[PDB]
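**Student:** Next up, input-v2.txt (compact mmCIF, N, CA and C atoms).
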# COMPACT_ATOMS: atom_id res chain seq x y z
N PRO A 1 -19.34 -7.55 26.80
CA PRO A 1 -18.50 -6.83 25.84
C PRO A 1 -19.35 -5.95 24.97
N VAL A 2 -18.75 -4.86 24.49
CA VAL A 2 -19.50 -3.88 23.72
C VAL A 2 -18.85 -3.68 22.37
N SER A 3 -17.56 -3.36 22.35
CA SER A 3 -16.88 -3.05 21.10
C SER A 3 -15.58 -3.83 21.05
N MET A 4 -15.00 -3.89 19.86
CA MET A 4 -13.73 -4.55 19.66
C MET A 4 -12.84 -3.61 18.87
N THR A 5 -11.57 -3.96 18.74
CA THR A 5 -10.58 -3.06 18.18
C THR A 5 -10.75 -2.97 16.67
N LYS A 6 -11.02 -1.77 16.18
CA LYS A 6 -11.12 -1.55 14.75
C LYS A 6 -9.77 -1.74 14.12
N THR A 7 -9.76 -2.25 12.90
CA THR A 7 -8.50 -2.45 12.22
C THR A 7 -8.67 -2.21 10.74
N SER A 8 -7.57 -1.89 10.08
CA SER A 8 -7.55 -1.75 8.64
C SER A 8 -6.28 -2.36 8.08
N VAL A 9 -6.43 -2.94 6.90
CA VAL A 9 -5.39 -3.70 6.24
C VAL A 9 -5.33 -3.27 4.79
N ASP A 10 -4.17 -2.82 4.34
CA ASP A 10 -3.94 -2.61 2.92
C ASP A 10 -3.87 -3.95 2.23
N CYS A 11 -4.51 -4.04 1.08
CA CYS A 11 -4.24 -5.18 0.22
C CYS A 11 -2.84 -5.09 -0.37
N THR A 12 -2.49 -3.93 -0.93
CA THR A 12 -1.47 -3.87 -1.96
C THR A 12 -0.07 -4.10 -1.42
N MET A 13 0.35 -3.35 -0.41
CA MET A 13 1.73 -3.52 0.02
C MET A 13 1.87 -4.73 0.92
N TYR A 14 0.77 -5.15 1.56
CA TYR A 14 0.81 -6.36 2.37
C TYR A 14 1.04 -7.58 1.50
N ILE A 15 0.36 -7.65 0.36
CA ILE A 15 0.64 -8.71 -0.59
C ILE A 15 2.07 -8.58 -1.10
N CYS A 16 2.43 -7.38 -1.56
CA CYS A 16 3.78 -7.15 -2.04
C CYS A 16 4.09 -5.66 -1.95
N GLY A 17 5.00 -5.31 -1.05
CA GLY A 17 5.49 -3.96 -0.93
C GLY A 17 6.63 -3.74 -1.91
N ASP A 18 6.75 -2.49 -2.37
CA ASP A 18 7.88 -1.90 -3.09
C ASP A 18 8.05 -2.41 -4.52
N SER A 19 7.45 -3.53 -4.89
CA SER A 19 7.64 -4.10 -6.22
C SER A 19 6.54 -3.59 -7.13
N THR A 20 6.91 -2.72 -8.06
CA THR A 20 5.94 -2.17 -9.00
C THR A 20 5.44 -3.24 -9.96
N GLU A 21 6.32 -4.14 -10.38
CA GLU A 21 5.95 -5.23 -11.28
C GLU A 21 4.99 -6.21 -10.61
N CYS A 22 5.14 -6.42 -9.30
CA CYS A 22 4.19 -7.26 -8.59
C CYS A 22 2.82 -6.61 -8.52
N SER A 23 2.79 -5.28 -8.38
CA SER A 23 1.52 -4.57 -8.43
C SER A 23 0.91 -4.64 -9.83
N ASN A 24 1.76 -4.64 -10.86
CA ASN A 24 1.29 -4.80 -12.23
C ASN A 24 0.62 -6.15 -12.42
N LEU A 25 1.23 -7.20 -11.87
CA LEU A 25 0.64 -8.52 -12.02
C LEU A 25 -0.56 -8.68 -11.10
N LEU A 26 -0.60 -7.93 -10.00
CA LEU A 26 -1.74 -7.99 -9.10
C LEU A 26 -2.95 -7.30 -9.69
N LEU A 27 -2.74 -6.27 -10.50
CA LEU A 27 -3.84 -5.54 -11.13
C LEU A 27 -4.54 -6.42 -12.16
N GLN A 28 -3.91 -7.52 -12.55
CA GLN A 28 -4.54 -8.50 -13.42
C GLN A 28 -5.50 -9.41 -12.68
N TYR A 29 -5.79 -9.13 -11.41
CA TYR A 29 -6.74 -9.90 -10.63
C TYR A 29 -8.03 -9.16 -10.35
N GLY A 30 -8.12 -7.89 -10.68
CA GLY A 30 -9.36 -7.15 -10.50
C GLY A 30 -9.38 -6.41 -9.17
N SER A 31 -10.54 -6.40 -8.53
CA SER A 31 -10.80 -5.51 -7.41
C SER A 31 -11.13 -6.26 -6.13
N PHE A 32 -10.36 -7.31 -5.82
CA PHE A 32 -10.50 -8.00 -4.55
C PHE A 32 -10.20 -7.07 -3.38
N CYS A 33 -9.15 -6.26 -3.54
CA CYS A 33 -8.63 -5.44 -2.46
C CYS A 33 -9.64 -4.39 -2.02
N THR A 34 -10.37 -3.82 -2.98
CA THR A 34 -11.40 -2.84 -2.66
C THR A 34 -12.52 -3.46 -1.85
N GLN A 35 -12.91 -4.69 -2.18
CA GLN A 35 -13.93 -5.39 -1.41
C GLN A 35 -13.47 -5.63 0.01
N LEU A 36 -12.21 -6.02 0.18
CA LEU A 36 -11.71 -6.30 1.52
C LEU A 36 -11.66 -5.03 2.36
N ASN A 37 -11.22 -3.92 1.76
CA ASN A 37 -11.20 -2.66 2.49
C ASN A 37 -12.61 -2.17 2.79
N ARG A 38 -13.57 -2.46 1.89
CA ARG A 38 -14.96 -2.12 2.16
C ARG A 38 -15.50 -2.88 3.36
N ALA A 39 -15.17 -4.17 3.46
CA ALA A 39 -15.63 -4.97 4.59
C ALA A 39 -15.05 -4.46 5.90
N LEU A 40 -13.75 -4.13 5.89
CA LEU A 40 -13.12 -3.62 7.10
C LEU A 40 -13.67 -2.27 7.51
N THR A 41 -13.94 -1.39 6.54
CA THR A 41 -14.49 -0.09 6.89
C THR A 41 -15.94 -0.21 7.35
N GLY A 42 -16.67 -1.21 6.86
CA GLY A 42 -18.00 -1.46 7.37
C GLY A 42 -17.98 -1.85 8.83
N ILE A 43 -17.03 -2.71 9.20
CA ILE A 43 -16.81 -3.04 10.61
C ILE A 43 -16.43 -1.79 11.41
N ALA A 44 -15.58 -0.95 10.82
CA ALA A 44 -15.06 0.23 11.51
C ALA A 44 -16.16 1.23 11.82
N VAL A 45 -17.10 1.40 10.90
CA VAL A 45 -18.26 2.24 11.19
C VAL A 45 -19.15 1.56 12.23
N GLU A 46 -19.27 0.23 12.13
CA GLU A 46 -20.22 -0.51 12.95
C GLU A 46 -19.86 -0.47 14.43
N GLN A 47 -18.56 -0.41 14.75
CA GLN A 47 -18.15 -0.34 16.15
C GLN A 47 -18.62 0.95 16.81
N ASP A 48 -18.44 2.08 16.13
CA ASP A 48 -18.90 3.35 16.68
C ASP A 48 -20.41 3.40 16.75
N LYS A 49 -21.09 2.75 15.79
CA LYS A 49 -22.54 2.66 15.86
C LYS A 49 -23.00 1.92 17.10
N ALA B 1 -4.96 12.65 -10.51
CA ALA B 1 -3.87 13.09 -9.65
C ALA B 1 -3.78 14.61 -9.50
N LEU B 2 -4.79 15.37 -9.92
CA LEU B 2 -4.72 16.83 -9.83
C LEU B 2 -4.86 17.33 -8.39
N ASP B 3 -5.80 16.78 -7.64
CA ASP B 3 -6.00 17.12 -6.24
C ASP B 3 -6.61 15.90 -5.56
N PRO B 4 -6.55 15.82 -4.21
CA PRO B 4 -7.13 14.64 -3.53
C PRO B 4 -8.61 14.42 -3.78
N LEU B 5 -9.35 15.50 -4.05
CA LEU B 5 -10.75 15.36 -4.39
C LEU B 5 -10.93 14.59 -5.70
N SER B 6 -10.06 14.84 -6.68
CA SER B 6 -10.12 14.06 -7.91
C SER B 6 -9.69 12.63 -7.67
N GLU B 7 -8.79 12.41 -6.71
CA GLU B 7 -8.41 11.04 -6.36
C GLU B 7 -9.59 10.28 -5.78
N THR B 8 -10.37 10.94 -4.93
CA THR B 8 -11.57 10.31 -4.39
C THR B 8 -12.61 10.07 -5.46
N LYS B 9 -12.78 11.04 -6.37
CA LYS B 9 -13.73 10.88 -7.47
C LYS B 9 -13.33 9.72 -8.37
N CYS B 10 -12.04 9.59 -8.62
CA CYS B 10 -11.52 8.56 -9.49
C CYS B 10 -11.52 7.19 -8.82
N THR B 11 -11.48 7.13 -7.49
CA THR B 11 -11.53 5.82 -6.85
C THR B 11 -12.93 5.40 -6.42
N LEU B 12 -13.89 6.32 -6.38
CA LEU B 12 -15.27 5.89 -6.18
C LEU B 12 -16.04 5.78 -7.48
N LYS B 13 -15.42 6.15 -8.61
CA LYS B 13 -15.99 6.05 -9.95
C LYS B 13 -17.32 6.79 -10.06
N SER B 14 -17.24 8.09 -9.79
CA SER B 14 -18.38 8.98 -9.94
C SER B 14 -17.84 10.38 -10.16
N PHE B 15 -18.73 11.29 -10.51
CA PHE B 15 -18.35 12.69 -10.63
C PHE B 15 -18.91 13.54 -9.51
N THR B 16 -19.85 13.03 -8.75
CA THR B 16 -20.30 13.68 -7.53
C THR B 16 -20.14 12.69 -6.38
N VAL B 17 -19.65 13.19 -5.26
CA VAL B 17 -19.35 12.37 -4.09
C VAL B 17 -20.04 13.00 -2.90
N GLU B 18 -20.82 12.22 -2.17
CA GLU B 18 -21.59 12.80 -1.09
C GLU B 18 -20.75 12.98 0.16
N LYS B 19 -21.31 13.72 1.10
CA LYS B 19 -20.57 14.26 2.24
C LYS B 19 -20.12 13.17 3.20
N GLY B 20 -18.83 13.20 3.54
CA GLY B 20 -18.30 12.20 4.46
C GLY B 20 -16.78 12.17 4.42
N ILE B 21 -16.25 10.98 4.69
CA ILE B 21 -14.82 10.72 4.81
C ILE B 21 -14.51 9.44 4.05
N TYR B 22 -13.38 9.42 3.35
CA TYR B 22 -13.03 8.27 2.53
C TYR B 22 -11.56 7.92 2.72
N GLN B 23 -11.23 6.64 2.52
CA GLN B 23 -9.84 6.19 2.72
C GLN B 23 -9.16 5.86 1.41
N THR B 24 -8.18 6.68 1.01
CA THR B 24 -7.52 6.48 -0.28
C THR B 24 -6.02 6.75 -0.24
N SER B 25 -5.29 6.33 -1.27
CA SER B 25 -3.86 6.69 -1.39
C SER B 25 -2.81 6.43 -0.31
N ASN B 26 -2.67 5.20 0.17
CA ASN B 26 -1.58 4.90 1.10
C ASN B 26 -0.29 5.40 0.46
N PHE B 27 0.56 6.10 1.22
CA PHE B 27 1.76 6.70 0.65
C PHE B 27 2.97 6.19 1.42
N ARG B 28 4.14 6.62 0.97
CA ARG B 28 5.39 6.17 1.56
C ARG B 28 6.47 7.19 1.24
N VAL B 29 7.51 7.22 2.08
CA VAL B 29 8.53 8.27 2.06
C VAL B 29 9.46 8.17 0.86
N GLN B 30 9.34 7.11 0.04
CA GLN B 30 10.02 6.94 -1.25
C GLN B 30 11.54 6.97 -1.13
N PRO B 31 12.17 5.82 -0.82
CA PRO B 31 13.62 5.76 -0.54
C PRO B 31 14.48 6.32 -1.66
N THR B 32 15.55 7.01 -1.26
CA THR B 32 16.21 7.96 -2.14
C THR B 32 17.53 7.49 -2.74
N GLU B 33 18.24 6.54 -2.13
CA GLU B 33 19.59 6.26 -2.59
C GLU B 33 19.98 4.82 -2.26
N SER B 34 21.04 4.37 -2.92
CA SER B 34 21.56 3.02 -2.82
C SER B 34 22.74 2.97 -1.87
N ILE B 35 22.97 1.76 -1.34
CA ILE B 35 24.10 1.49 -0.46
C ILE B 35 24.35 -0.01 -0.50
N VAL B 36 25.62 -0.39 -0.46
CA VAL B 36 26.01 -1.79 -0.41
C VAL B 36 27.13 -1.92 0.61
N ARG B 37 27.05 -2.95 1.45
CA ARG B 37 28.07 -3.17 2.46
C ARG B 37 28.54 -4.62 2.44
N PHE B 38 29.84 -4.76 2.61
CA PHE B 38 30.55 -6.03 2.64
C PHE B 38 31.73 -5.85 3.58
N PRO B 39 32.24 -6.95 4.20
CA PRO B 39 33.29 -6.80 5.23
C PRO B 39 34.62 -6.25 4.72
N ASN B 40 35.48 -5.81 5.64
CA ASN B 40 36.86 -5.45 5.31
C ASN B 40 37.60 -6.75 5.02
N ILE B 41 37.50 -7.17 3.76
CA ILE B 41 37.74 -8.55 3.35
C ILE B 41 39.11 -8.65 2.68
N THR B 42 40.01 -7.74 3.04
CA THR B 42 41.33 -7.72 2.41
C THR B 42 42.19 -8.90 2.86
N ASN B 43 42.10 -10.01 2.12
CA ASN B 43 43.06 -11.11 2.21
C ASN B 43 43.21 -11.71 0.81
N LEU B 44 44.18 -11.20 0.07
CA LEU B 44 44.21 -11.35 -1.37
C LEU B 44 44.88 -12.66 -1.78
N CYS B 45 44.63 -13.07 -3.03
CA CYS B 45 45.25 -14.24 -3.66
C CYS B 45 46.56 -13.85 -4.34
N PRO B 46 47.60 -14.69 -4.20
CA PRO B 46 48.95 -14.34 -4.72
C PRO B 46 49.07 -14.43 -6.25
N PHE B 47 48.62 -13.36 -6.91
CA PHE B 47 48.80 -13.27 -8.36
C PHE B 47 50.24 -12.92 -8.72
N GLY B 48 50.95 -12.23 -7.83
CA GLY B 48 52.31 -11.83 -8.13
C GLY B 48 53.31 -12.96 -8.08
N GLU B 49 53.02 -14.01 -7.30
CA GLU B 49 53.92 -15.15 -7.24
C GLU B 49 53.77 -16.09 -8.43
Is it possible to express this structure as structure tokens?
**Tutor:**
Amino acid sequence: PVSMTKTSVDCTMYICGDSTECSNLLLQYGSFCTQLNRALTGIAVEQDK
Amino acid sequence: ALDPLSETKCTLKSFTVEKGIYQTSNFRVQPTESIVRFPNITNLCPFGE
């Protein structure tokens, strides 16, 4: 095997879509979502590498 | 929110951004109107009797 399927996942709407108040309460947790997207994009670059 | 370049600047927390590609702003078609549906439920209670 050489490569695997790249994937990306939103934190925000996957946790809670359409609810603005849920996003308000989620913003009280900091920047977990940015770290997760960073990890996935690191994998995404790494496959092409 | 002035232009997508400012969105990238504001989400990477810098004023200069080096050359490449970045993933920001998941969007959605923003639903426009309300609707409610219930059956043709006409079987009334005898208030007249």
**Student:** Which residues come within 10 Å of region 37-49 of chain A, counting only C-alpha atoms, excluding same-chain residues fewer than 6 positions away, as a list in words?
**Tutor:**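 Selected residues are residues 2, 3, 4, 5, 6, 7, 8, 9, 10 and 11 of chain A; 22 and 23 of chain B.
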**Student:** To one decimal in Å, tell me the separation between atom N of residue 10 (chain B) and atom N of residue 23 (chain A).
**Tutor:**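 Distance between the two atoms: 21.0 Å.
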**Student:** Nearest residue to chain B out of A:25, A:18, A:32, A:1, using only C-alpha atoms?
**Tutor:**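 Nearest candidate to chain B out of A:25, A:18, A:32, A:1: A:18.
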**Student:** Per residue of chain B within 12 Å of chain A, which atom pair is closest and at what distance in Å (one decimal), using only C-alpha atoms, listed by chain and increasing number, as CSV?
**Tutor:**
residue,atom,partner,partner_atom,distance
B:11,CA,A:34,CA,9.6
B:12,CA,A:34,CA,10.2
B:21,CA,A:41,CA,11.0
B:22,CA,A:41,CA,9.5
B:23,CA,A:41,CA,8.9
B:24,CA,A:37,CA,10.2
B:25,CA,A:10,CA,10.3
B:26,CA,A:10,CA,8.1
B:27,CA,A:13,CA,10.2
B:28,CA,A:18,CA,9.6
B:29,CA,A:18,CA,11.4
B:30,CA,A:18,CA,9.3
B:31,CA,A:18,CA,9.9
**Student:** Tell me, in Å to one decimal, how far CA of residue 5 (chain B) is from atom N of residue 20 (chain B).
**Tutor:** 11.5 Å
**Student:** State, in Å with one decimal place, the distance from CA of residue 15 (chain A) to CA of residue 36 (chain A).
**Tutor:**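 One can read the CA of residue 15 (chain A) to CA of residue 36 (chain A) distance as 12.8 Å.
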**Student:** Give me, as a JSON list (two decimals) with N, CA and C atoms, keeping the file's coordinate frame, the residues of chain B that a backbone DSSP run labels alpha helix (DSSP H).
**Tutor:**
[["chain", "number", "residue", "atom", "x", "y", "z"],
["B", 4, "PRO", "N", -6.55, 15.82, -4.21],
["B", 4, "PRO", "CA", -7.13, 14.64, -3.53],
["B", 4, "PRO", "C", -8.61, 14.42, -3.78],
["B", 5, "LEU", "N", -9.35, 15.50, -4.05],
["B", 5, "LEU", "CA", -10.75, 15.36, -4.39],
["B", 5, "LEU", "C", -10.93, 14.59, -5.70],
["B", 6, "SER", "N", -10.06, 14.84, -6.68],
["B", 6, "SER", "CA", -10.12, 14.06, -7.91],
["B", 6, "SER", "C", -9.69, 12.63, -7.67],
["B", 7, "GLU", "N", -8.79, 12.41, -6.71],
["B", 7, "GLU", "CA", -8.41, 11.04, -6.36],
["B", 7, "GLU", "C", -9.59, 10.28, -5.78],
["B", 8, "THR", "N", -10.37, 10.94, -4.93],
["B", 8, "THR", "CA", -11.57, 10.31, -4.39],
["B", 8, "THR", "C", -12.61, 10.07, -5.46],
["B", 9, "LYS", "N", -12.78, 11.04, -6.37],
["B", 9, "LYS", "CA", -13.73, 10.88, -7.47],
["B", 9, "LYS", "C", -13.33, 9.72, -8.37],
["B", 10, "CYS", "N", -12.04, 9.59, -8.62],
["B", 10, "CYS", "CA", -11.52, 8.56, -9.49],
["B", 10, "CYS", "C", -11.52, 7.19, -8.82],
["B", 11, "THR", "N", -11.48, 7.13, -7.49],
["B", 11, "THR", "CA", -11.53, 5.82, -6.85],
["B", 11, "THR", "C", -12.93, 5.40, -6.42],
["B", 12, "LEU", "N", -13.89, 6.32, -6.38],
["B", 12, "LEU", "CA", -15.27, 5.89, -6.18],
["B", 12, "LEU", "C", -16.04, 5.78, -7.48]]
**Student:** How would chain B look written as a tab-separated table (two decimals), in the first residue's frame with C-alpha atoms?
**Tutor:**
chain	number	residue	atom	x	y	z
B	1	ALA	CA	-15.19	39.94	6.76
B	2	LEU	CA	-14.04	42.52	4.17
B	3	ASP	CA	-12.51	39.99	1.73
B	4	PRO	CA	-11.42	36.32	1.94
B	5	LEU	CA	-7.81	37.42	2.35
B	6	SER	CA	-8.78	39.22	5.56
B	7	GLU	CA	-10.63	36.08	6.62
B	8	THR	CA	-7.42	34.09	6.21
B	9	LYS	CA	-5.43	36.78	8.03
B	10	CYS	CA	-7.95	36.78	10.86
B	11	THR	CA	-8.00	33.00	11.18
B	12	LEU	CA	-4.23	32.51	11.09
B	13	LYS	CA	-3.75	35.45	13.52
B	14	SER	CA	-1.12	37.36	11.56
B	15	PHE	CA	-0.89	40.32	9.24
B	16	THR	CA	1.33	38.62	6.67
B	17	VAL	CA	0.51	35.18	5.30
B	18	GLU	CA	2.97	33.18	3.26
B	19	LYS	CA	2.29	31.65	-0.13
B	20	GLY	CA	0.00	28.63	-0.28
B	21	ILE	CA	-3.55	27.41	0.23
B	22	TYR	CA	-5.69	27.52	3.37
B	23	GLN	CA	-9.02	26.04	4.46
B	24	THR	CA	-11.51	28.50	5.96
B	25	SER	CA	-15.20	29.50	6.14
B	26	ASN	CA	-17.45	26.46	5.61
B	27	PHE	CA	-20.65	28.00	4.20
B	28	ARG	CA	-24.25	26.99	3.62
B	29	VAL	CA	-27.16	28.01	1.38
B	30	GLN	CA	-28.97	29.64	4.39
B	31	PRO	CA	-32.60	28.35	4.42
B	32	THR	CA	-35.10	31.02	3.55
B	33	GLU	CA	-38.63	30.26	4.76
B	34	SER	CA	-40.87	28.31	7.13
B	35	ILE	CA	-43.37	25.55	6.46
B	36	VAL	CA	-45.54	23.36	8.68
B	37	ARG	CA	-47.52	20.31	7.62
B	38	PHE	CA	-50.22	18.31	9.37
B	39	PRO	CA	-52.84	15.87	7.97
B	40	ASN	CA	-56.27	16.72	6.52
B	41	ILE	CA	-57.53	16.16	10.03
B	42	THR	CA	-61.09	17.43	9.65
B	43	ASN	CA	-63.11	15.36	12.13
B	44	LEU	CA	-64.51	17.92	14.54
B	45	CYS	CA	-65.94	17.75	18.08
B	46	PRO	CA	-69.69	18.50	18.46
B	47	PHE	CA	-69.69	21.95	20.05
B	48	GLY	CA	-73.05	22.74	18.45
B	49	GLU	CA	-74.86	19.89	20.19
